[PDB]
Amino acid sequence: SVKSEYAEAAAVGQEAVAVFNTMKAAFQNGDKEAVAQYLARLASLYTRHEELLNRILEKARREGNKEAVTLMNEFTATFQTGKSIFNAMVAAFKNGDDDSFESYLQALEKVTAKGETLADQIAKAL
């Protein structure tokens, strides 16, 4: 069901949370080789999550589930904010700009924490 597809998407999201926190520890410790690998892993995870969320939204649309569509439109918009900040973080790593990297890292945490009440709302709506 669309609900079980959302649970699969939620787990992929939690995997990115786990890798992100590991990455943050590596950055603080100066282990740039580790950071590079974690950023690659995160890119692949976010790409997967993005695709799953799109399939969930498209299915809710085909089902006529208006409330779930509303919530998923809001959630996918916030996802794109996180993606843009993530991409900027990757660029800051490439460029050696640790000040920008720290900034983007905190921003991405706050955007992610904010979007969590909506994430739980969607589960209940599908």
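For clarity, a rigid core is taken as the largest C-alpha set superposing within 1.5 Å between two forms. The first residue of the sequence shown is number 1, and the count goes up from there.
- Relative to the displayed structure, the C-alphas of 115-123 lie farther away on average in 9 other deposited structures of this protein than those of the other candidate, with 3-11 and 115-123 compared after rigid core superposition.
- Going by the entry's values, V111 shows the largest Cα B-factor out of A18, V111, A11, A25.
- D31: CA B factor lies in the middle third for its chain, per the PDB record.
- Placement of the Cα temperature factor of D98 within the chain: middle third of the modelled residues, per the deposited record.
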